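Visitor: Before I ask anything, let me first share the structure, which is written out below as structure tokens.
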Amino acid sequence: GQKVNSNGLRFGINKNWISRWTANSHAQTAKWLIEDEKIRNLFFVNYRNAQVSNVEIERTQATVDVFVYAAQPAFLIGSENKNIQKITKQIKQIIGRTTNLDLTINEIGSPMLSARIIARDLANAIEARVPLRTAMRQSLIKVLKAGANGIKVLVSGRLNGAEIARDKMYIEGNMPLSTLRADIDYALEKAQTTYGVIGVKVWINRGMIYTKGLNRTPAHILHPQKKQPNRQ
Amino acid sequence: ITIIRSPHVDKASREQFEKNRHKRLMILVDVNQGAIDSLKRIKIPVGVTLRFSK
Amino acid sequence: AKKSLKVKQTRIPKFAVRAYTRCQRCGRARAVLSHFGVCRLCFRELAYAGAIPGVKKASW
Amino acid sequence: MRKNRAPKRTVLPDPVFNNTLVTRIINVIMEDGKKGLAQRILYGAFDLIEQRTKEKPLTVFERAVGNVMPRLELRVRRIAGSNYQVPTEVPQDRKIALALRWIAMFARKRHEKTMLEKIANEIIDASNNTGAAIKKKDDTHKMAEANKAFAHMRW
RNA sequence: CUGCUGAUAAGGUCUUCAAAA
RNA sequence: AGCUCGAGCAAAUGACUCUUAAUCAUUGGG
RNA sequence: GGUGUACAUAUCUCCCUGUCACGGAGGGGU
RNA sequence: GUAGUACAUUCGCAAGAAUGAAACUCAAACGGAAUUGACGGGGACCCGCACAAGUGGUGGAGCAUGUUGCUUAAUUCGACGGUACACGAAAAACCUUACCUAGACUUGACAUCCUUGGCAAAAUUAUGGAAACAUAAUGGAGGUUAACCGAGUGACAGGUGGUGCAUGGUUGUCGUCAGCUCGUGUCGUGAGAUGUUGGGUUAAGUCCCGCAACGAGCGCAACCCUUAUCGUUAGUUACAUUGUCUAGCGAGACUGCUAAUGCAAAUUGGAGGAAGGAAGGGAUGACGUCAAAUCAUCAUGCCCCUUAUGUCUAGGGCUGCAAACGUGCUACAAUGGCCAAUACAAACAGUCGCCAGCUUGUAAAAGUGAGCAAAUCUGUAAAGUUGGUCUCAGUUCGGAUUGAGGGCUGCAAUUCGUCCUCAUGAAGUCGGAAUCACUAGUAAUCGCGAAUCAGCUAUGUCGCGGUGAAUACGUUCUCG
RNA sequence: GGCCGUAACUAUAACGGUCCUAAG
Ligand SMILES: [Mg+2]
Ligand SMILES: [Mg+2]
Ligand SMILES: [Mg+2]
Ligand SMILES: [Mg+2]
Ligand SMILES: [Mg+2]
Ligand SMILES: [Mg+2]
Ligand SMILES: [Mg+2]
Ligand SMILES: [Mg+2]
Ligand SMILES: [Mg+2]
Ligand SMILES: [Mg+2]
Ligand SMILES: [Mg+2]
Ligand SMILES: [Mg+2]
Ligand SMILES: [Mg+2]
Ligand SMILES: [Mg+2]
Ligand SMILES: [Mg+2]
Ligand SMILES: [Mg+2]
Ligand SMILES: [Mg+2]
Ligand SMILES: [Mg+2]
Ligand SMILES: [Mg+2]
Ligand SMILES: [Mg+2]
Ligand SMILES: [Mg+2]
Ligand SMILES: [Mg+2]
Ligand SMILES: [Mg+2]
Ligand SMILES: [Mg+2]
Ligand SMILES: [Mg+2]
Ligand SMILES: [Mg+2]
Ligand SMILES: [Mg+2]
Ligand SMILES: [Mg+2]
Ligand SMILES: [Mg+2]
Ligand SMILES: [Mg+2]
Ligand SMILES: [Mg+2]
Ligand SMILES: [Mg+2]
Ligand SMILES: [Mg+2]
Ligand SMILES: [Mg+2]
Ligand SMILES: [Mg+2]
Ligand SMILES: [Mg+2]
Ligand SMILES: [Mg+2]
Ligand SMILES: [Zn+2]
């Protein structure tokens, strides 16, 4: 049957919030809730070739701070910091010139075990007419070789352009979805194929969190150094 | 906040969400500049909200 | 007809009671949360994505 | 297909006459969850019994319930057409419960004035083996005696 | 422990493929 | 009226369903 | 009486059942 | 299949027996054996408010709301057994709105790409106006065009238009039931089987023994929240009858000890304990079935419209009405009606708001007007207790319907808001065949709060507390 | 012995309802 969202079930217990701010009134709460959505959607739908794993937003009465974790931040940086100013102006237009922007790019360590970029690669391969069995097999084998626990990939839709929708699942390793202690990262993406839309959902297991607390700690960004700038 | 799960029908199947505004109080008798200047450099995290009343 | 209705909602009317609250992300008119300015079906998505700070699932 | 026997909650002794049956009949005449109203009804009826019979109300009440209290129960068991009944001996607890239930049901139907006097007169009438609960007990007893033949087969 | 207990319009998806990694 | 004595069939249009049948209404047609 | 002589059949409503029939409750028509 | 039929022949008193085709038609056959499921008015075992034992209802009346049908210019569309019908819709007078009538518009109400300038868009006042829109005004923030304000300009924008049987996402249901599989190995020519069946124990494919199986994954359980006892931290805006209360951390309950029997899991009883053997409740819902629901939250393949199926506005409509069904409220009453005094909550909410007090009014409310951005101020607790009166009647029950006078919101209350007062006083006296919910603070019953909301016969939805029951012998029957 | 209705071109009625008789 239907299952609750893996991220939503674990939020507020073993996962911190992607946007951390306290608005003044109900009128401002909607504007701030929509502007952050616009910024995140921008960073995800465009500038996709940089493998942006996640973007967090942190706002005060008047100051906006953006933390963009990316696997290949060279594409965000551009040639001698060219596209950086373009995305800065895009964000400033999105929120407002009256505020102070503190954009900060962060190179994410051990990218392979991140469901967002795994799903994005899956969707890109699907859209590029790559055969599905080979695509999922190579993604699963590279994810496992990255040194993580089980990964479950569900790819549904008009499969290979067929007129009857199917679904194909590959679980390889233990994926306890009912357990709350487990560190399960879940992402979902849409491959826009010439025959319609394909939905790819990737669950990845990254061990068990044996330290009680609302995170306040990096999650698989720490194995190598996670120090990139563009801030003040 | 109670929200119906389904997109179209089945109002019976509905989930719930909560938001808690945890609140603490702390009153200082006499501070003076010697304490105020040190208090200036605290950098309270964004989630925390101050309601200083003088 | 949805784009015209969204634009008309943003535009101020000539009477005060003419004004209604639509969702800001989507354009749904009914079942809009004035606390968040977002309809129920987008509030669920934002809460499951972690966009709204402090909105955790309730156990009572 | 349950294979579990239900527990039993305490009956509690009455805090006036120290007779559990008083509390039981209070709970039986309970309606809308009004313990105060039920207790008032019972104690007013007992005071009317004092005023009329000139005897101990607890003794009169016991004499009424013991006389109304049945012996046999007829359990419906259908096989092909209609139902052939089965006489079975009842436990003492269910015996008392049925007696109290019949007393209350036939008390809340009599033609008289306030339910105080209604139940009081029903109790005094059942104390002398002439009443409506008496007729009910007589009817079930006669039906069981008629259908004594099928007592051997129960299920 | 043998009461009674009858019927359900037509045609239809759904496996594309292992060549292989 | 196309047929049997405005009626009922026949025909058509839609509703209905994955599509039909059946059904539902409407309907021209002396 | 709509059909055979107030009756039955038939008609309508509600139960029954996945649905229909059967079955059960009620109503009306010379 | 025709068909053991027809003709001819032999036997027989007769029924008939023996012998026995073809024309025509199909791609297979009431073919054989075996396998996996489903089903059985076939057995064995086990579960669930399923049956049983009780409580209170529904079907009968009036009203609210939804639906079917019919009507209409439209009565927008969707949901249709369980799993639709107080459902989408957590607010239809205008807007919403997608429908009808009518008045107006065309790279358009909104957007990008291009050649191009910015020395505007608003808002409001005049006249025409049902308003859209037109002719004139203050010609406007700003920052030289940043955003936006334009001209030219063709790609195009736009669609709540069709297809949920082309899809993504989300959801109902079996079902919180205990199942669904895989790797290696073995058996079989093969589908396939084993493990997963067998014996004990559980809510459990939970665990332990046995065993051609050895292991593993999802599901189960635990980890998460809350209620029940206590310690510590802190004492204002709580308490201030001094240790309640609020919220961080922690202790506590682990079949931990004991007796019985079992190989072992484990089952039952006792002790201490606030709590005992999943302590109560919640979140948590496997593979898949129903081509289940949604193109009308959103996104999207394909088809269709492109001076119209796109856009603005005014009016009407979604509120109709011989009827039928579902879900609820109110009752048919002395366990009560009315009047007076009066005690005891929790949770939540509040600066276009909560509104204390006072004055006015029969009352809805009006005016004045403090307090509160809130453990501080505000949002009257009712059932309950006592007293008075009614005295079993279609009534001092019941309030529908109807006429009149007012209050509030709002440009605007006729279609179509709700409240108060006065007046009228339908049905209904326990509801046929047949059905629903519920196993303790549960059913029943009484109030309070919030969401959407200018306002709303929400009697609906989501929450909180006060009083507070009856029954479970058992699986013969009934559904799953 | 009668009467009435009834099959997806028409036609008919395998079938159904009912009155009477000793039986049609
Ligand atoms: Mg749209
Ligand atoms: Mg409104
Ligand atoms: Mg029978
Ligand atoms: Mg037949
Ligand atoms: Mg269709
Ligand atoms: Mg032969
Ligand atoms: Mg044959
Ligand atoms: Mg079955
Ligand atoms: Mg059976
Ligand atoms: Mg029962
Ligand atoms: Mg009721
Ligand atoms: Mg009714
Ligand atoms: Mg549609
Ligand atoms: Mg409709
Ligand atoms: Mg449909
Ligand atoms: Mg309208
Ligand atoms: Mg200027
Ligand atoms: Mg210039
Ligand atoms: Mg479907
Ligand atoms: Mg099995
Ligand atoms: Mg075996
Ligand atoms: Mg075994
Ligand atoms: Mg669990
Ligand atoms: Mg369908
Ligand atoms: Mg459904
Ligand atoms: Mg569309
Ligand atoms: Mg209009
Ligand atoms: Mg409606
Ligand atoms: Mg009284
Ligand atoms: Mg005070
Ligand atoms: Mg007051
Ligand atoms: Mg009293
Ligand atoms: Mg009457
Ligand atoms: Mg009255
Ligand atoms: Mg009116
Ligand atoms: Mg009466
Ligand atoms: Mg139970
Ligand atoms: Zn929305």
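Residue numbering restarts at 1 for every chain of the structure tokens, chains are lettered A, B, ... in their displayed order, and ligands are numbered from 1 as they appear.
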For region 11-25 of chain F, find every residue with an atom within 12 Å (counting only C-alpha atoms (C1' of nucleotides)), except residues of its own chain fewer than 5 positions away, and show them as a list in words.
Guide: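 Everything that qualifies: residues 9, 10, 11, 12 and 13 of chain E; 2 and 3 of chain F; 69, 70, 163, 165 and 291 of chain H; 8 of chain I.
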Visitor: Taking N, CA and C atoms (P, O5', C5', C4', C3', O3' and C1' of nucleotides) for each residue, export the selection above as a PDB file, in the first residue's frame.
Guide:
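After the write, again30.pdb holds the following:
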```pdb
ATOM      1  P     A E   9     -22.826 -12.205 -17.761  1.00  0.00           P
ATOM      2  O5'   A E   9     -23.757 -11.730 -18.960  1.00  0.00           O
ATOM      3  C5'   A E   9     -24.429 -12.676 -19.776  1.00  0.00           C
ATOM      4  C4'   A E   9     -24.500 -12.199 -21.203  1.00  0.00           C
ATOM      5  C3'   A E   9     -23.161 -11.976 -21.890  1.00  0.00           C
ATOM      6  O3'   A E   9     -22.594 -13.167 -22.406  1.00  0.00           O
ATOM      7  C1'   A E   9     -24.524 -10.089 -22.222  1.00  0.00           C
ATOM      8  P     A E  10     -20.999 -13.337 -22.464  1.00  0.00           P
ATOM      9  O5'   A E  10     -20.568 -12.513 -23.756  1.00  0.00           O
ATOM     10  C5'   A E  10     -20.948 -12.938 -25.057  1.00  0.00           C
ATOM     11  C4'   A E  10     -20.315 -12.074 -26.118  1.00  0.00           C
ATOM     12  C3'   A E  10     -18.812 -11.887 -26.003  1.00  0.00           C
ATOM     13  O3'   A E  10     -18.089 -12.967 -26.565  1.00  0.00           O
ATOM     14  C1'   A E  10     -19.847  -9.791 -26.357  1.00  0.00           C
ATOM     15  P     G E  11     -16.627 -13.338 -26.016  1.00  0.00           P
ATOM     16  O5'   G E  11     -15.690 -12.223 -26.653  1.00  0.00           O
ATOM     17  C5'   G E  11     -15.609 -12.059 -28.060  1.00  0.00           C
ATOM     18  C4'   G E  11     -14.731 -10.889 -28.419  1.00  0.00           C
ATOM     19  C3'   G E  11     -13.413 -10.812 -27.671  1.00  0.00           C
ATOM     20  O3'   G E  11     -12.421 -11.655 -28.225  1.00  0.00           O
ATOM     21  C1'   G E  11     -14.460  -8.702 -27.617  1.00  0.00           C
ATOM     22  P     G E  12     -11.365 -12.383 -27.263  1.00  0.00           P
ATOM     23  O5'   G E  12     -10.051 -11.502 -27.423  1.00  0.00           O
ATOM     24  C5'   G E  12      -9.294 -11.119 -26.287  1.00  0.00           C
ATOM     25  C4'   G E  12      -9.102  -9.625 -26.231  1.00  0.00           C
ATOM     26  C3'   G E  12      -8.182  -9.125 -25.130  1.00  0.00           C
ATOM     27  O3'   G E  12      -6.813  -9.232 -25.468  1.00  0.00           O
ATOM     28  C1'   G E  12     -10.166  -7.862 -25.112  1.00  0.00           C
ATOM     29  P     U E  13      -5.894 -10.318 -24.725  1.00  0.00           P
ATOM     30  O5'   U E  13      -5.899  -9.835 -23.207  1.00  0.00           O
ATOM     31  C5'   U E  13      -4.788  -9.149 -22.658  1.00  0.00           C
ATOM     32  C4'   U E  13      -4.618  -7.780 -23.269  1.00  0.00           C
ATOM     33  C3'   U E  13      -3.179  -7.304 -23.386  1.00  0.00           C
ATOM     34  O3'   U E  13      -2.540  -7.786 -24.556  1.00  0.00           O
ATOM     35  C1'   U E  13      -4.499  -5.599 -22.405  1.00  0.00           C
TER      36        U E  13
ATOM     37  P     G F   2     -41.991   6.923 -44.644  1.00  0.00           P
ATOM     38  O5'   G F   2     -42.150   5.342 -44.741  1.00  0.00           O
ATOM     39  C5'   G F   2     -41.408   4.595 -45.696  1.00  0.00           C
ATOM     40  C4'   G F   2     -40.842   3.333 -45.095  1.00  0.00           C
ATOM     41  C3'   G F   2     -41.831   2.460 -44.338  1.00  0.00           C
ATOM     42  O3'   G F   2     -42.571   1.610 -45.196  1.00  0.00           O
ATOM     43  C1'   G F   2     -39.881   2.760 -43.033  1.00  0.00           C
ATOM     44  P     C F   3     -44.105   1.263 -44.872  1.00  0.00           P
ATOM     45  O5'   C F   3     -44.017   0.185 -43.704  1.00  0.00           O
ATOM     46  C5'   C F   3     -43.455  -1.099 -43.932  1.00  0.00           C
ATOM     47  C4'   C F   3     -43.430  -1.911 -42.663  1.00  0.00           C
ATOM     48  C3'   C F   3     -44.758  -2.029 -41.930  1.00  0.00           C
ATOM     49  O3'   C F   3     -45.593  -3.045 -42.456  1.00  0.00           O
ATOM     50  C1'   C F   3     -43.066  -1.425 -40.397  1.00  0.00           C
TER      51        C F   3
ATOM     52  P     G H  69     -29.210  10.761 -12.133  1.00  0.00           P
ATOM     53  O5'   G H  69     -30.787  10.977 -12.197  1.00  0.00           O
ATOM     54  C5'   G H  69     -31.661   9.913 -12.545  1.00  0.00           C
ATOM     55  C4'   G H  69     -33.099  10.269 -12.257  1.00  0.00           C
ATOM     56  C3'   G H  69     -33.641  11.482 -12.996  1.00  0.00           C
ATOM     57  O3'   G H  69     -34.092  11.162 -14.302  1.00  0.00           O
ATOM     58  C1'   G H  69     -34.187  11.639 -10.698  1.00  0.00           C
ATOM     59  P     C H  70     -33.840  12.169 -15.527  1.00  0.00           P
ATOM     60  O5'   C H  70     -34.941  13.299 -15.330  1.00  0.00           O
ATOM     61  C5'   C H  70     -36.325  12.997 -15.407  1.00  0.00           C
ATOM     62  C4'   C H  70     -37.153  14.118 -14.836  1.00  0.00           C
ATOM     63  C3'   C H  70     -36.963  15.479 -15.491  1.00  0.00           C
ATOM     64  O3'   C H  70     -37.742  15.644 -16.662  1.00  0.00           O
ATOM     65  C1'   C H  70     -36.810  15.710 -13.150  1.00  0.00           C
ATOM     66  P     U H 163     -12.383  12.969 -20.210  1.00  0.00           P
ATOM     67  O5'   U H 163     -11.278  11.938 -20.709  1.00  0.00           O
ATOM     68  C5'   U H 163     -11.573  10.990 -21.723  1.00  0.00           C
ATOM     69  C4'   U H 163     -10.321  10.329 -22.240  1.00  0.00           C
ATOM     70  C3'   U H 163      -9.411   9.721 -21.190  1.00  0.00           C
ATOM     71  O3'   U H 163      -9.857   8.455 -20.740  1.00  0.00           O
ATOM     72  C1'   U H 163      -8.119  10.986 -22.705  1.00  0.00           C
ATOM     73  P     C H 165      -8.174   4.534 -15.335  1.00  0.00           P
ATOM     74  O5'   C H 165      -7.721   4.023 -16.774  1.00  0.00           O
ATOM     75  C5'   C H 165      -6.381   4.186 -17.221  1.00  0.00           C
ATOM     76  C4'   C H 165      -6.272   4.079 -18.723  1.00  0.00           C
ATOM     77  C3'   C H 165      -7.258   4.934 -19.516  1.00  0.00           C
ATOM     78  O3'   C H 165      -6.637   5.354 -20.728  1.00  0.00           O
ATOM     79  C1'   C H 165      -7.563   2.667 -20.075  1.00  0.00           C
ATOM     80  P     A H 291     -10.264  -4.268 -12.596  1.00  0.00           P
ATOM     81  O5'   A H 291      -8.810  -3.621 -12.616  1.00  0.00           O
ATOM     82  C5'   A H 291      -8.074  -3.507 -13.828  1.00  0.00           C
ATOM     83  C4'   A H 291      -7.246  -2.247 -13.849  1.00  0.00           C
ATOM     84  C3'   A H 291      -8.045  -0.954 -13.986  1.00  0.00           C
ATOM     85  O3'   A H 291      -7.409   0.084 -13.248  1.00  0.00           O
ATOM     86  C1'   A H 291      -6.529  -1.139 -15.784  1.00  0.00           C
TER      87        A H 291
ATOM     88  P     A I   8     -38.275  -9.888 -28.316  1.00  0.00           P
ATOM     89  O5'   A I   8     -37.236  -9.316 -29.376  1.00  0.00           O
ATOM     90  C5'   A I   8     -36.594 -10.190 -30.297  1.00  0.00           C
ATOM     91  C4'   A I   8     -35.563  -9.473 -31.132  1.00  0.00           C
ATOM     92  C3'   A I   8     -34.574 -10.387 -31.849  1.00  0.00           C
ATOM     93  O3'   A I   8     -34.192  -9.789 -33.085  1.00  0.00           O
ATOM     94  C1'   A I   8     -33.400  -8.966 -30.380  1.00  0.00           C
TER      95        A I   8
END
```
Visitor: Near chain H, meaning an atom within 8 Å, which residues of chain A appear when counting only C-alpha atoms (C1' of nucleotides)? Write them as a VMD selection string.
Guide: chain A and resid 1 to 3 13 156 to 158 163 to 165 173 to 174 176 178 to 181 190 194 to 199
Visitor: Residues of chain E within 9 Å of chain D, counting only C-alpha atoms (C1' of nucleotides), what are they? List them as a PyMOL selection string.
Guide: chain E and resi 1-3
Visitor: If you run DSSP on the backbone, which residues of region 1-132 of chain D are strand (DSSP E or B), as a list in words?
Guide: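 Here is the list: residues 72, 73, 74, 75, 76, 77, 84, 85, 86, 87, 88 and 89 of chain D.
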Visitor: Please return, as a PDB file with C-alpha atoms, in the first residue's frame, all residues of chain B lying within 8 Å of chain C when only C-alpha atoms are considered.
Guide:
```
ATOM      1  CA  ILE B   3      -4.390  18.008   6.533  1.00  0.00           C
ATOM      2  CA  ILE B   4      -6.189  15.528   4.291  1.00  0.00           C
ATOM      3  CA  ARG B   5      -3.654  13.192   2.695  1.00  0.00           C
ATOM      4  CA  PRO B   7      -5.617  14.741  -3.533  1.00  0.00           C
ATOM      5  CA  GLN B  16      -1.532  15.818  11.442  1.00  0.00           C
ATOM      6  CA  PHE B  17       1.408  18.167  11.956  1.00  0.00           C
ATOM      7  CA  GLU B  18       2.600  20.099  14.994  1.00  0.00           C
ATOM      8  CA  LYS B  19       4.712  23.167  15.698  1.00  0.00           C
ATOM      9  CA  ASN B  20       5.897  23.926  19.236  1.00  0.00           C
TER      10      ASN B  20
END
```
Visitor: What's the 9 Å shell around region 466-477 of chain H, counting only C-alpha atoms (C1' of nucleotides), without same-chain residues fewer than 6 positions away, as a ChimeraX atom specification?
Guide: /D:1-3,5-7,27-28,30-35,77-79,90-91,154-155 /H:51-55,344-345,382-384,439,441,443-447
Visitor: Identify, counting only C-alpha atoms (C1' of nucleotides) and all ligand atoms, the protein, DNA and RNA residues located within 9 Å of ligand 13, and give them as a list in words.
Guide: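 These are the residues that qualify: residues 77, 78, 160, 162, 295 and 296 of chain H.
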Visitor: Do you know which residues are within 12 Å of ligand 9 using only C-alpha atoms (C1' of nucleotides) and all ligand atoms? Can you write them as a list in words?
Guide: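 Result of the 12 Å neighbour search around ligand 9: residues 5 of chain E; 40, 41, 42, 477, 478, 479 and 480 of chain H.
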Visitor: List all protein, DNA and RNA residues that have any atom at most 12 Å from ligand 22, counting only C-alpha atoms (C1' of nucleotides) and all ligand atoms, and write the list as a PyMOL selection string.
Guide: chain H and resi 194-199+205+208-214
Visitor: With only C-alpha atoms (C1' of nucleotides) as the counted atoms, please give the residues lying no more than 12 Å from residue 251 (chain H), apart from itself and same-chain residues fewer than 2 positions off, as a list in words.
Guide: residues 229, 230, 231, 232, 249 and 253 of chain H
Visitor: Return as an MDAnalysis selection string the full set of residues in chain D whose backbone-based DSSP assignment is alpha helix (DSSP H).
Guide: chainID D and resid 20:29 35:53 57:68 92:107 115:126 132:146
Visitor: Can you tell me which residues come within 9 Å of ligand 34 when counting only C-alpha atoms (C1' of nucleotides) and all ligand atoms, ideally as a PyMOL selection string?
Guide: chain H and resi 337-338+396-399
Visitor: Hey, can you spit out that residue selection with C-alpha atoms (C1' of nucleotides) as a PDB file, in the first residue's frame?
Guide:
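Result file result_13.pdb:
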```
ATOM      1  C1'   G H 337     -40.409  22.064  31.258  1.00  0.00           C
ATOM      2  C1'   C H 338     -39.735  27.157  33.336  1.00  0.00           C
ATOM      3  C1'   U H 396     -46.061  25.632  30.852  1.00  0.00           C
ATOM      4  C1'   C H 397     -43.849  19.008  25.825  1.00  0.00           C
ATOM      5  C1'   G H 398     -42.335  19.924  20.762  1.00  0.00           C
ATOM      6  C1'   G H 399     -40.406  23.672  17.963  1.00  0.00           C
TER       7        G H 399
END
```
Visitor: Would you list which chain A residues are within 10 Å of chain B using only C-alpha atoms, as a PyMOL selection string?
Guide: chain A and resi 20-22+58-61
Visitor: Go ahead and write the residues just picked, N, CA and C atoms, as a short mmCIF file (atom, residue, chain, number, x, y, z; two decimals), in the first residue's frame.
Guide:
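File produced: out-v8.cif:
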```
data_model
loop_
_atom_site.label_atom_id
_atom_site.label_comp_id
_atom_site.auth_asym_id
_atom_site.auth_seq_id
_atom_site.Cartn_x
_atom_site.Cartn_y
_atom_site.Cartn_z
N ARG A 20 15.79 27.45 8.18
CA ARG A 20 15.77 27.76 9.61
C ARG A 20 15.61 29.26 9.81
N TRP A 21 14.38 29.70 10.04
CA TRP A 21 14.09 31.11 10.28
C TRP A 21 12.80 31.23 11.07
N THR A 22 12.61 32.39 11.69
CA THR A 22 11.39 32.71 12.41
C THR A 22 10.85 34.03 11.89
N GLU A 58 18.86 30.16 5.62
CA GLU A 58 18.92 30.62 7.00
C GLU A 58 18.68 32.12 6.99
N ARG A 59 17.56 32.57 7.55
CA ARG A 59 17.18 33.97 7.44
C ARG A 59 16.89 34.56 8.81
N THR A 60 17.20 35.84 8.95
CA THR A 60 16.92 36.64 10.14
C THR A 60 16.01 37.79 9.69
N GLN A 61 15.82 38.78 10.58
CA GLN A 61 14.91 39.89 10.29
C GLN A 61 15.23 40.53 8.94
#
```
Visitor: Within 12 Å of chain B, which residues of chain H show up when using only C-alpha atoms (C1' of nucleotides), listed as number ranges by chain?
Guide: H: 78-79, 83-84, 86-90, 164, 169-173, 225, 234-237, 246-248, 282-283, 293-294, 296-298, 373, 375, 450-452, 461-463
Visitor: Ligand 27: which residues are within 10 Å, counting only C-alpha atoms (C1' of nucleotides) and all ligand atoms, as a list in words?
Guide: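 Selection of residues at most 10 Å from ligand 27: residues 94, 95, 97, 313, 314, 315 and 316 of chain H.
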Visitor: The selected residues should be written to file as a PDB file, in the first residue's frame (atoms: N, CA, C and O atoms (P, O5', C5', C4', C3', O3' and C1' of nucleotides)).
Guide:
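Output file result-v2.pdb follows:
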```
ATOM      1  P     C H  94     -22.338  34.980  -5.411  1.00  0.00           P
ATOM      2  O5'   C H  94     -21.923  36.509  -5.549  1.00  0.00           O
ATOM      3  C5'   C H  94     -22.678  37.398  -6.357  1.00  0.00           C
ATOM      4  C4'   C H  94     -21.917  38.674  -6.596  1.00  0.00           C
ATOM      5  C3'   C H  94     -20.459  38.486  -6.982  1.00  0.00           C
ATOM      6  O3'   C H  94     -20.289  38.264  -8.371  1.00  0.00           O
ATOM      7  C1'   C H  94     -20.608  40.051  -5.220  1.00  0.00           C
ATOM      8  P     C H  95     -19.536  36.951  -8.906  1.00  0.00           P
ATOM      9  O5'   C H  95     -18.093  37.036  -8.245  1.00  0.00           O
ATOM     10  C5'   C H  95     -17.117  37.944  -8.735  1.00  0.00           C
ATOM     11  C4'   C H  95     -15.865  37.899  -7.898  1.00  0.00           C
ATOM     12  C3'   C H  95     -15.176  36.546  -7.814  1.00  0.00           C
ATOM     13  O3'   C H  95     -14.279  36.353  -8.890  1.00  0.00           O
ATOM     14  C1'   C H  95     -15.374  37.502  -5.648  1.00  0.00           C
ATOM     15  P     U H  97     -12.596  29.376  -8.384  1.00  0.00           P
ATOM     16  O5'   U H  97     -13.376  30.107  -9.564  1.00  0.00           O
ATOM     17  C5'   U H  97     -13.478  29.510 -10.853  1.00  0.00           C
ATOM     18  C4'   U H  97     -14.802  29.811 -11.513  1.00  0.00           C
ATOM     19  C3'   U H  97     -15.155  31.293 -11.643  1.00  0.00           C
ATOM     20  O3'   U H  97     -15.881  31.509 -12.850  1.00  0.00           O
ATOM     21  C1'   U H  97     -16.831  30.184 -10.407  1.00  0.00           C
ATOM     22  P     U H 313     -13.141  40.997 -13.853  1.00  0.00           P
ATOM     23  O5'   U H 313     -14.482  41.780 -14.195  1.00  0.00           O
ATOM     24  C5'   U H 313     -14.548  43.190 -14.055  1.00  0.00           C
ATOM     25  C4'   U H 313     -15.795  43.757 -14.683  1.00  0.00           C
ATOM     26  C3'   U H 313     -17.114  43.281 -14.105  1.00  0.00           C
ATOM     27  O3'   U H 313     -17.460  43.938 -12.899  1.00  0.00           O
ATOM     28  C1'   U H 313     -17.221  43.229 -16.461  1.00  0.00           C
ATOM     29  P     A H 314     -18.383  43.198 -11.813  1.00  0.00           P
ATOM     30  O5'   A H 314     -19.861  43.371 -12.376  1.00  0.00           O
ATOM     31  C5'   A H 314     -20.502  44.636 -12.356  1.00  0.00           C
ATOM     32  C4'   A H 314     -21.845  44.590 -13.041  1.00  0.00           C
ATOM     33  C3'   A H 314     -22.803  43.520 -12.548  1.00  0.00           C
ATOM     34  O3'   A H 314     -23.493  43.903 -11.372  1.00  0.00           O
ATOM     35  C1'   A H 314     -22.736  43.489 -14.905  1.00  0.00           C
ATOM     36  P     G H 315     -23.938  42.796 -10.298  1.00  0.00           P
ATOM     37  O5'   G H 315     -25.083  41.978 -11.038  1.00  0.00           O
ATOM     38  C5'   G H 315     -26.361  42.552 -11.241  1.00  0.00           C
ATOM     39  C4'   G H 315     -27.229  41.688 -12.119  1.00  0.00           C
ATOM     40  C3'   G H 315     -27.474  40.269 -11.642  1.00  0.00           C
ATOM     41  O3'   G H 315     -28.453  40.184 -10.622  1.00  0.00           O
ATOM     42  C1'   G H 315     -26.931  40.234 -13.931  1.00  0.00           C
ATOM     43  P     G H 316     -28.293  39.108  -9.441  1.00  0.00           P
ATOM     44  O5'   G H 316     -28.670  37.722 -10.127  1.00  0.00           O
ATOM     45  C5'   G H 316     -29.999  37.460 -10.546  1.00  0.00           C
ATOM     46  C4'   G H 316     -30.063  36.294 -11.498  1.00  0.00           C
ATOM     47  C3'   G H 316     -29.732  34.931 -10.918  1.00  0.00           C
ATOM     48  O3'   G H 316     -30.807  34.350 -10.205  1.00  0.00           O
ATOM     49  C1'   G H 316     -28.591  35.206 -12.953  1.00  0.00           C
TER      50        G H 316
END
```
Visitor: Do you know which residues are at most 10 Å from region 18-22 of chain I counting only C-alpha atoms (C1' of nucleotides), after dropping those on the same chain fewer than 6 positions away, and could you put them as an MDAnalysis selection string?
Guide: (chainID G and resid 3:5 8:9) or (chainID I and resid 1:4)
